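First come two forms of one protein chain, each written alone as structure tokens, so that there is a structure 1 and a structure 2.
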Structure 1
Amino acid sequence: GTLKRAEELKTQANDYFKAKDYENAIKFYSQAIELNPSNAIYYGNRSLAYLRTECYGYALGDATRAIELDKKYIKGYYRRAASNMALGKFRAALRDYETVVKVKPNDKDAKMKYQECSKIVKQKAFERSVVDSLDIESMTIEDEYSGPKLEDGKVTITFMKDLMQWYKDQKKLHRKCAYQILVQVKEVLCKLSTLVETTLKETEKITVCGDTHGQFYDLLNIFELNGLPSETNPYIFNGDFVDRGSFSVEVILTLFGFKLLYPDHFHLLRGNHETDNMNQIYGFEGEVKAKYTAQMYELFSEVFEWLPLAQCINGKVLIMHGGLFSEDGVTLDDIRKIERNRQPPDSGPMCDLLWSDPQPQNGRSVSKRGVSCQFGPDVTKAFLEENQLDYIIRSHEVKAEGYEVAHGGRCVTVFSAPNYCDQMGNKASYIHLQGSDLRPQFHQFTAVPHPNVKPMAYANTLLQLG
């Protein structure tokens, strides 16, 4: 009985979903849909599982299919509005929250989401540089503050070590210090090329980490397990420092501090989560407003805009958060020429560097995330050959073992956030490269305990569904 088979497969998918095994959830929903392609609940649950795995494009299409089947399926509208929020389609989301708060005026949840949506809409409408309406010198550190302070405005190794300790005890760096770090670090970054270039001599090493997503206690574990940064232990943090994790302020100010301390050996590349559309939904903007001000947040936003987009080691390995391009013929010079100081556009090379994913089949598809592309091994081979490169290192996707090697070895994924969001139970890893030998060496590690704060504790409700 085809329909009762579809239904058993959907029940298994629900089971997979609840166990946080979205990849199988998706697969069993997909098979359910294969047997009965005309049920709204199926499309709606698969839309939610695509949302959980940040596949906004696919969540959007499934939500739309669910709504086209049943105009009264309320879930369909929330999950459609979530996808659109994450895609920067704020007005589209509001239309759906409206259609809901309409079909029941009473709903507590409906109006809260509508209002939260309108507030972002209203702000973005509204939307000189923030530093100029700040008077950092005039601020005063209260006598009774006993946490870390800069040594005459300067970051040092002793400041970094006390900062790390202070944060471990869940305490807050005085706002004056936070401001100074931000201003200097803006100054450093705004000097960098869009493409950072590093030469590693025969005897030198470099560590590449992937996403860390505000997992502060895991970030300290990287440093214990692999050493503090210094001029003989350089690091690249390949984006997505913040969001989801509820210690994002602690992660980003530690990283920025180390960038000031070892500016030529501690490198930070922009990820898709160093952007407004992500930060307003996924916790960072809320965490910074809770702990500091809306003005601090606007400053973080403007610094993120100067983060370089890619890094090239010895002209042979190319590192970016996302992946390769929607278009053929993009060169390394083209990347160097990108005007990066902005939010990323909806498409184009800057967008692809932050957002794209590899796919196993040849060619290009519109991406499952609803922005940029998926690119096959023939895309990767042509770009490497055209540019005299050996392979790429990228991050952006959660991996069960903390890394993955795709495209015949030409596309490497590294991911540095173990037990991601307290739920995935994945290993994390970092890479060592060596000047004499640029083949990636992987080191895996597991999650470490942290205080009682939930992931997304500071985020609005727009992307917390189910």
Structure 2
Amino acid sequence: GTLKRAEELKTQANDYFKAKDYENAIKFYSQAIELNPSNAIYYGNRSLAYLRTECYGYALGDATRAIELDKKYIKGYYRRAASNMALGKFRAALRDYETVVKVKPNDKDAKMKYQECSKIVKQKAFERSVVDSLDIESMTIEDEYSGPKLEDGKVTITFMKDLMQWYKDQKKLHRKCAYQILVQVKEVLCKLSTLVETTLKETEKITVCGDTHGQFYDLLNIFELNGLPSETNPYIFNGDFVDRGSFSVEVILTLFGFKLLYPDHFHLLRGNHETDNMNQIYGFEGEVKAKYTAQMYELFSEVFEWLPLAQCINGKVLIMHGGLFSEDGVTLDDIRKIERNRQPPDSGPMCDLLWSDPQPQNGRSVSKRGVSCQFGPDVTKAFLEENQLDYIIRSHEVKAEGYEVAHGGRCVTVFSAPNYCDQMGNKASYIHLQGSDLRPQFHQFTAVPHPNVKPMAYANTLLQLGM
């Protein structure tokens, strides 16, 4: 049976799915969908696996197919909403939750889902600089606060070593200090150019890390295994400092600490999760609001807008979070000229730097995440050789080994978040480069125990089916 063979595959895809092997779930769903392209559940199941792998575009596309095949398939609306919700398209999500409430539930759909999504549309709807409404010495520190403070308004190593111990014991930095770091780090960032250029002389090294996503205790592990950062042991962190993991405030503040302390040897590049759109959805906004205030968060939003988009070492190896572009003939000079200080456009070189992905085959296709593009080896080569560059480094995608090398070694991916979301079982990796040898050495590391906190504990209840 063609149809029975397909159901055989489907059952196998559910098995992979319930044990977090989403890449194989997707493959054995697509095999089933090939044998039978006309079953809404197959499209619903796969949509969820795409959702859990952050492929919101393909997730949306499959959910649509499921709904069309079966107007009464309720999980279709749930997963299409979850997909639009994942891109923060909450109006379009509402209209699906709406469609389920009038198939007559007084359910978890009715008063929970539809109502809470409507609240988010509404809170969105409400919406000078926020640096203004701030007063430094007006804020004041208590008799009973036994925590880290700035030494005469500046960051020091004693401060940073105290900060991490404080955070290791699940304790909060005092807000005046937090505001002090953000006010200054915005000052440092807004001076820089969209494209940052470092020289790594003859004998110098540099450690390039990928996504960290608020897994603070893995950020320490990195620092405990590869040593603390300095002007002799520089680091680059390639976006996605926050969201998903529930210690994102701990991560971002320590990364902002070292950046003020070593402005020429610690570099932060903007990721797609350094953005209001993603922060409101995947935990960071909630975490900042829970531990500080909405004003602190709006400050965080402003400082991220000044985060540089790419980094070019020695005119040879270029670095971004996402990847390369929707259009040919993009150079390093083009990147330098981007007016970064804002939220990224729905399409463009700014959008691409934060969002795009490599694909094996030549040319371009609309991205599986529903934003930017997938770009082939020919697009990578044409770009790299137009700028006499050797190879790019990027992150953005989770790898089971912690890294991957592709496009015939012209496109490298590095990922620094092990056991991603406490579930993927992946290893993580960081890269050693050097001036004499502009070439990657991949160290891999495993996850380290943390306090009993679910990932996305500060995020809305409505993207929990998409975890």
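Counting starts at 1 and follows the sequence of structure 1. Think of the rigid core as the biggest set of C-alphas that the two forms share within 1.5 Å after superposition.
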| request: With the two forms aligned on their rigid core, point out which item of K337, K111, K168, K172 shifts its C-alpha by 2 Å or more between the two structures. | output: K111
| query | Do you see a C-alpha shift of 2 Å or more at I141 between the two structures, with the core held fixed? | reply | no
| Honestly, after the rigid core fit, is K89 moving at least 2 Å at Cα between the two structures? | yes
| message | Is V121 displaced by at least 2 Å at its C-alpha between the two structures when the rigid core is overlaid? | response | yes
| Supposing the core is put in the same place in both forms, how far has the CA of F256 shifted between the two structures, in Å? | 0.2
| task | Using the rigid core as the frame, report the C-alpha movement of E98 between the two structures, one decimal, in Å. | result | 2.0
| remark: Superposed on rigid core, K72 CA travels between the two structures a distance in Å of 1.5
